[PDB]
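Reviewing the structure listed below.
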Amino acid sequence: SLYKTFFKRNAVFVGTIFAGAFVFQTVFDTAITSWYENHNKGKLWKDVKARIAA
Amino acid sequence: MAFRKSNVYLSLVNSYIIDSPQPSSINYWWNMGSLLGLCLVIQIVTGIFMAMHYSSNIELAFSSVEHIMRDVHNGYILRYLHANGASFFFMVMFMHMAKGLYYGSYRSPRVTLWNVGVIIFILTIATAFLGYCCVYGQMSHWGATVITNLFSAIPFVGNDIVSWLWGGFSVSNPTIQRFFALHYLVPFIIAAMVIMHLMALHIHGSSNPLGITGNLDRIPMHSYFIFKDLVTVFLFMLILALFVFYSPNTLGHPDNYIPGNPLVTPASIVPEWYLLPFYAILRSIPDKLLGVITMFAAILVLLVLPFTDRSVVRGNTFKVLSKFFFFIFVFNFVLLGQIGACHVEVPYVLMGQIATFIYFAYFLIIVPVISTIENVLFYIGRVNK
Amino acid sequence: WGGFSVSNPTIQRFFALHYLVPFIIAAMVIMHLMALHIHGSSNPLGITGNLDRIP
Amino acid sequence: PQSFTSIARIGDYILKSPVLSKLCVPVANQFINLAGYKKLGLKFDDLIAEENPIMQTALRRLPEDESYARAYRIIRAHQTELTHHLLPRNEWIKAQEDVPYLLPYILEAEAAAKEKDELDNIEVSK
Amino acid sequence: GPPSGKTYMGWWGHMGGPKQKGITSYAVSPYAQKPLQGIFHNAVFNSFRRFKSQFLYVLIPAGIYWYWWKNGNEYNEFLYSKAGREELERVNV
Amino acid sequence: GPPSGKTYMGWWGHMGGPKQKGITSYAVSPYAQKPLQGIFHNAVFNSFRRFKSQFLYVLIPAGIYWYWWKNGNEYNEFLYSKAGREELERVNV
Amino acid sequence: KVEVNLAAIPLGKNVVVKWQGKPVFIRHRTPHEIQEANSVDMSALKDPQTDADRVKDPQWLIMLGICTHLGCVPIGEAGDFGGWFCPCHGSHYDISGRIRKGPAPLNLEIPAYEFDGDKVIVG
Amino acid sequence: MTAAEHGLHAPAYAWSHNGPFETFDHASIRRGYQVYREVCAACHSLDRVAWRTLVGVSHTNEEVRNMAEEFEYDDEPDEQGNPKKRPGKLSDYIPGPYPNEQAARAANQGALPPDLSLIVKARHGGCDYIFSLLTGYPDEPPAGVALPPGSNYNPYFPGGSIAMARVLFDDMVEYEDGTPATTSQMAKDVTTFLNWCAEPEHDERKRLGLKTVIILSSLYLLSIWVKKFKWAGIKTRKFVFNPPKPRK
Amino acid sequence: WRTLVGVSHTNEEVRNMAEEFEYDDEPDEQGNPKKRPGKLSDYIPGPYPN
Ligand SMILES: CCCCCCCCCCC(=O)OC[C@H](COP(=O)(O)OC[C@H](O)COP(=O)(O)OC[C@@H](COC(=O)CC)OC(=O)CCC)OC(=O)CCCCCCCC
Ligand SMILES: CCCCCCCCCCCCCCCCCC(=O)OC[C@H](COP(=O)(O)OCCN)OC(=O)CCCCCCCCCCCCC
Ligand code: HEM
Ligand code: HEM
Ligand code: HEM
Ligand code: HEM
Ligand SMILES: COc1c(O)c(C)c(C/C=C(\C)CC/C=C(\C)CC/C=C(\C)CC/C=C(\C)CC/C=C(\C)CCC=C(C)C)c(O)c1OC
Ligand SMILES: CCCCCCCCCCCCCCC(=O)OCCCOP(=O)(O)OC[C@@H](O)COP(=O)(O)OCCCOC(C)=O
Ligand SMILES: CCCCCCCCCCCCCCCCCC(=O)O[C@H](COC(=O)CCCCCC)COP(=O)(O)OCCN
Ligand SMILES: Cc1cccc(-n2nnn(C)c2=O)c1COc1cnn(-c2ccc(Cl)cc2)c1
């Protein structure tokens, strides 16, 4: 359920905003890096290193 | 009673930020003082973490700031947050002083609260000057030459303050080493003046935009103004982050990326933007001793303000002529900063002289004459005769 | 260390911390005298001293 | 602040003058309604600052029917600003109700303070 | 310690105003009022009302100081051109 | 601010002891008493009296710790001489 | 203080020596040719100063480089004779050190150079 | 001052790293080091750039190890206290052509060519000024000007007269990818390389600026909602006055 | 050298003592090394280079 099973208890209320603070941390960090290296595709070092493969 | 009111240490927190009685009609201009407490914390913390990597010798000082930018892990974040944080610290303090000049906060019984504030403003100017000379760029050497040469004009003791400020015969290695040691210290004197500032506030409390007594309607600090203080903190950190990460050299000068040289002078010597109005007051006086008196008198004329206001109402909410001349004084202070960034040419030596006259005539002439005119106009517009 | 032994990053950060902790000590001295003012001092007899006080 | 004895000394000279009250009283009535305190339900004597011993004397000597009504007008004016509105035009202060209800208590508290102070600084000889 | 000099503010219970008698107040909980009611008829209309009152005390001092800067600026660009070469003399010294 | 939790000390007038009744005190000014009277009958005897009370609580713990140091020291000088060369072995390891 | 002997400065070399943290202009020149530059009159200029306390050593050239406003720096061996081109906010100068250009109120300073034992201490 | 003494104003070209979401072009940094090594290193130094910082940005590891080995560095002395040399390694800094400042002015007629490690951030204009300085030498000076002996006219320099002559011409380098090396093409690549030498944190900075602004804007929007919920009871509070009966 | 004047020798003696040693000077107009005799502000030299 919700608030009395999810946002009331102090090992749930505070034990979600400190436990969910890590699972939010990495999937937000991964999805930001995927957008940045796709908006700027073709100019990175990874792209021009595979072009000097001769 | 509760534990937060019987402990010796928790009761000070409870009597200041939890159960403090506030006037319920204050607006977002009363949020600038808490935001200045966050500005002092950012400047002390980022400066201590940068002092672990800095060398104050005159042949190692410029290159060690480059070492922080290139080699230290996240070292560019520390410097950019420090150099841009000093401009944000001065912008909120100009808005803090202008609120109390508007709503009449400098009058009885808050005269001592206004006098401790003037001392903090002088120590914040001295702090930013000392730290700007520690980079030892080309603007750092010639800004410290011009300022320290002003004290050679004091009568009968002139060649003894300047040789004691230099440690030698010019701006040299003893000058840079002693400027960093004084730069570590004055931020801790400012923090002790901030404690004495909040003591004088607790015995009388705040005013309100109406300007009358506020003891008839009070709400506590906790759960009502902590969530209103939180709004302007998140707006502050977002505009500060836009400068540190997207335009970090816009409030600066490119001549500070040249190492300083005593044998080559720059073509244009211009201070930071918050010292430009006071730089233009100095160049307007043709004498050398009279010029250094007038530039320091532009800050000590704020102490004559409780005596020249002859009004019987506190503030500027219902005063028509006093609201007009408040914005004459504001835009004259933005014209003074623009003159101080220009060359010394001949439309501009007379514009900067008349505008220095409007600075001193507001405090000593315009305020005591317009104050007593509105006392008589309120009287004859009411008394039927 | 800031590295692999006691080296140049160790000496530079030790001086910056040495400037700072004397100012933390002075703030603990202020909090020390606050806890003294609410109860006062004892005496070599070890009993109550509220019957004979001088300024 | 100037004093209320000095204000009325200047302000009475304008009203017993045929050519001065011609010029200044049309200007003074425009200064009143450009202040805007009547739209918050306030008289002028509510706006006077009260943290001085002459003004604290005049507030004790007020009758308590006028003292209760003044405390409600001030509370109504604080709640009006935090909503950033004005009052309805039914509840504005009209021009006949803005009377100097506190000026007689003020002017006699000042004349007694002047007389006491000029009897402490005396040079009577033989 | 000892009591110090008296002020013009107190605490909860003895704040130090006049005595009150005959004023009533009412309120309703925030959990019973609709979420974000006062977001319209206020900055779209109310701050548009508060601007229109207090703007002419700002824009008339602003217009004098911007006329003075723009008119003083274009006389400097004239003095440092070829057409303004003789008037740079007899003015500066 | 508000009043805090109560302590076991007050100030002048309400210091917080028991009520007193029936004790008298007298004194004479310092300008009437002779200069430096209590300089003899003071440390030449008084402090010679106060030492003799509280000295045996100091000198018996001191004598045990100085016997332990002097006896442990002279066994170290014996072990690092030529006569104590074999007893350095079979003791250290 | 810097000691100069009577052996080690030839005629035309304006080296800008960083003495005492300050720039200076050092060369030896003929004692005849300043009859060419300042033969105007006494007081055609701002302050009345032509030759008297110009050089107490009449056959040398010594001059500081700190200006009244800022302390600007010229280029050497360029001018009418090879003197002063100081393009900073104003004045150029001559062999002596007085103006050909610009307002320039006050005169640049002559330092105190003395004579000890056939040695010349500057400052 | 006059516009001749201030210098011409550089225009606004459209660089590929302008904008809040843009990256350096690492194929224009790679070609920019080729114009530094062949045209520029004869008179200018690069004293703030180490060899190891190029690996993963414009070259690979085996290439920078081969590049650094054709220079001679001074080693710690041998067992008799005599000097000794050694080839370069990755931790060294890129060398310059002159040993001291007097030898630099001796080969450039008194003038001193500056260090190019921070020249982008130390000039009014930035990338637009260094590009317009090189591709801005006229074929003839304007009529009426008089240049000193050994000078060149360039209107982007304050004063008009500069001690550096034109050094870029057509087809003076030969690129490895096959790009036509014209005057404006080679001048574009030095300014992209030299901007990296001043700001090597540029691509890392704008990626952490994305995470901070998204987080702090969603914290600023939630604080406005939270404040108006807790302030609802004060804005809707009411007040009625009934005058008391008057003999208290 | 200057710290011996007034303690164990006179001024003309320490100037004569310091002059029999060779110190390195700032380079000439071509960037070549140059030597000079000693003065009072110099430090007393040692026998080995490293
Ligand atoms: C350097 C950056 C530091 C960052 C902090 C600086 C902020 C200082 C700005 C000056 C200021 O304090 O503003 C006060 C005044 C308005 O205050 P007020 O109480 O009369 O009316 C509040 C409203 O009615 C209710 O506001 P409400 O409480 O209903 O909603 C909260 C509001 C938050 O907005 C703010 O924080 C205002 C700063 O949410 C929104 O508005 C939604 C927006 C999408 O504003 C004005 O009257 C005129 C503003 C001119 C600013 C001039 C600045 C010159 C540099
Ligand atoms: C010597 C050193 C002293 C410090 C420097 C002196 C001047 C520095 C200038 C920096 C501060 C800029 C603004 C000045 C401070 C504003 C404080 C103030 O005036 O607040 C009250 C005023 C009233 O607005 P309300 O409508 O809310 O109130 C109703 C009538 N009382 O609220 C208002 O602000 C009115 C609304 C107009 C906006 C104000 C800012 C105008 C923008 C241009 C200012 C120039 C800044 C670059
Ligand atoms: C109110 C507090 C402070 C203010 C207003 C202030 C101001 C400044 C300013 C304006 C600069 C010039 C930065 C630049 O232009 O690049 C600077 C430099 C510097 N300051 Fe601070 N400072 C404060 C506190 C401190 C403290 C407490 C320390 C030391 C612990 C410190 C250490 C430094 C250092 C190391 C520099 C080095 C140069 C640099 O980083 O650019 N600062 N300071
Ligand atoms: C580091 C510097 C400062 C800090 C931390 C600071 C802090 C504060 C705080 C927290 C308040 C109460 C909240 C408020 O009224 O907004 C306040 C009010 C006030 N400050 Fe400051 N302040 C500083 C500098 C100054 C300066 C420079 C001045 C004036 C020259 C000044 C004058 C005042 C006055 C008069 C008030 C009372 C205003 C009122 O109650 O209406 N302060 N300050
Ligand atoms: C910089 C360090 C310190 C300062 C300035 C300081 C200062 C003082 C002062 C002024 C008193 C008043 C009574 C007297 O003068 O004897 C006092 C009492 C006292 N101090 Fe400290 N002190 C310091 C460190 C310490 C330490 C390290 C301890 C214990 C671990 C301590 C524990 C106490 C106690 C228990 C008292 C009360 C004694 C009594 O009233 O009988 N203090 N201190
Ligand atoms: C791709 C090659 C080059 C680039 C990007 C370049 C760039 C620059 C820049 C930005 C300046 C400074 C402009 C200023 O001070 O405002 C400069 C100055 C100078 N450069 Fe170059 N340069 C290059 C090649 C050369 C060469 C090959 C020489 C000499 C043979 C040279 C000699 C000089 C000199 C003498 C100056 C000083 C100009 C003055 O101060 O008047 N440069 N160069
Ligand atoms: C109007 O109502 C208000 C109000 O709004 C506010 C905000 C306040 C509160 C205001 C303040 C508390 C401002 C006062 C701020 C200070 C005195 C600054 C204190 C100084 C510091 C915090 C600097 C010291 C910091 C450190 C020592 C930490 C940094 C050093 C580190 C982390 C060492 C690193 C080394 C290692 C090995 C980790 C009120 O008191 C108040 O009532 C009046
Ligand atoms: C994220 C949250 C919301 C958003 C932003 C809001 C931030 C909220 C947090 C704010 C931080 C809390 C502030 C700390 C505090 O308690 O404030 C007290 C400071 C004011 O002064 P004082 O210390 O009360 O002086 C009070 C005084 O009592 C201190 O001095 P005293 O002890 O009397 O002297 C004793 C020494 C004697 O010395 C001598 C020798 O005289
Ligand atoms: C110069 C300014 C200095 C800054 C002072 C600002 C105010 C002090 C900091 C505010 C936060 C204080 C946190 C302390 C938490 C409460 C402590 C407590 O429970 O009181 C004590 C226990 O505290 C300790 O043991 C030492 C505290 C270490 C403090 C280290 C910072 C319990 O005391 P007790 O419950 O008996 O109440 C009696 C009242 N005299
Ligand atoms: C001149 C110059 C030229 C170039 C850079 C700077 N400069 N010095 N510090 N900062 C931050 C800065 O821009 C400066 C100094 O400008 C000014 C102007 N007024 N003051 C001033 C006022 C009061 C005090 Cl107590 C100390 C100094 C200093």
Side-chain angles (χ1 to χ4, degrees), chain B residues 1-16 109 112 192 195-196 199-200 202-204, chain C residues 25-55, chain D residues 53 56 116 119-121, chain E residues 1-14 16, chain F residues 1-62:
Chain B
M1 57 175 73
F3 179 62
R4 74 179 208 264
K5 310 172 76 181
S6 51
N7 194 32
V8 62
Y9 302 132
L10 273 187
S11 67
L12 283 184
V13 176
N14 173 80
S15 175
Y16 269 89
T112 309
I195 293 305
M196 290 167 55
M199 290 178 49
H202 195 250
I203 62 176
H204 290 113
Chain C
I25 290 171
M28 290 287 126
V29 161
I30 293 305
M31 290 167 55
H32 195 63
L33 308 160
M34 290 179 49
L36 176 82
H37 195 250
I38 62 176
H39 289 113
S41 299
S42 311
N43 44 1
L45 280 191
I47 50 184
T48 177
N50 294 338
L51 301 100
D52 201 0
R53 302 270 184 164
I54 61 176
Chain D
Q56 289 288 108
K116 183 183 152 37
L119 277 166
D120 285 301
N121 301 315
Chain E
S4 176
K6 69 101 178 179
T7 60
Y8 294 98
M9 204 193 58
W11 209 250
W12 304 104
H14 55 286
Chain F
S4 176
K6 69 101 178 179
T7 60
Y8 294 98
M9 204 193 58
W11 209 250
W12 304 104
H14 55 286
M15 205 80 71
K19 282 180 155 38
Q20 301 184 201
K21 189 183 179 63
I23 307 171
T24 311
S25 53
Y26 319 84
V28 177
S29 88
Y31 295 89
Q33 307 176 91
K34 44 181 62 155
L36 258 50
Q37 202 273 335
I39 201 164
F40 297 144
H41 126 281
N42 192 31
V44 290
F45 177 80
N46 188 291
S47 308
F48 276 21
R49 204 261 318 163
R50 294 213 323 276
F51 160 76
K52 188 54 83 174
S53 182
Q54 188 181 358
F55 78 103
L56 190 140
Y57 301 107
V58 188
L59 292 193
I60 305 190

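Below, each value reflects all heavy atoms present in this structure, side chains not excepted, and no hydrogens, waters or symmetry copies. Residue numbers begin at 1 in each chain, while the letters A, B, ... track the order of the sequences.
In terms of heavy-atom proximity, C:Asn43 sits nearest to C:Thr48 at ND2-O, 4.3 Å. Of all non-hydrogen atoms in F:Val28 and F:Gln33, the two that sit nearest each other are O-NE2, 3.6 Å. Nearest heavy atoms, F:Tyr8 versus C:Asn50: O-ND2, 3.1 Å.
Rounding to the nearest 0.5 Å gives a distance of 10.0 Å between CE of B:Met196 and OG1 of B:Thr112.
Applying the 6.0 Å contact sphere to CE of C:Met34 captures more than 12 heavy atoms from other residues, nucleotides or ligands. Annotation: E:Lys6, atom NZ; neighbour count of heavy atoms from other residues, nucleotides and ligands within 6.0 Å is above 12.
The salt bridge (charged side-chain N to carboxylate O under 4.0 Å, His left out) check on F:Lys34 picks up nothing, with sequence neighbours excluded. Annotation: side-chain contact (heavy atoms from CB on, under 4.5 Å) contacts of F:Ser29 (sequence neighbours excluded): F:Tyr31, F:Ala32. Partners of B:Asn7 by side-chain hydrogen bond (donor to acceptor under 3.5 Å, both in side chains), not counting sequence neighbours: none found. Partners of B:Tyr9 by ring-ring contact (aromatic ring centres under 6.0 Å, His included), not counting sequence neighbours: none found. Residues passing the side-chain contact (heavy atoms from CB on, under 4.5 Å) test with C:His37 are F:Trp11, sequence neighbours excluded. When the salt bridge (charged side-chain N to carboxylate O under 4.0 Å, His left out) test is applied to C:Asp52, no partner is found at least two apart in sequence or on another chain.
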Which donor-acceptor pairs under 3.5 Å do side chains of residues 39-60 of chain F form with protein atoms, sequence neighbours excluded?
unit_1: F:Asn46; atom_1: OD1; unit_2: F:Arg50; atom_2: NH1; d: 3.0

Table please: side-chain donor-acceptor pairs of residues 13-27 of chain F below 3.5 Å, with sequence neighbours left out.
none

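For residues 2-14 of chain B, the salt bridge (charged side-chain N to carboxylate O under 4.0 Å, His left out) pairs, not counting sequence neighbours, are B:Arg4-B:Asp19.
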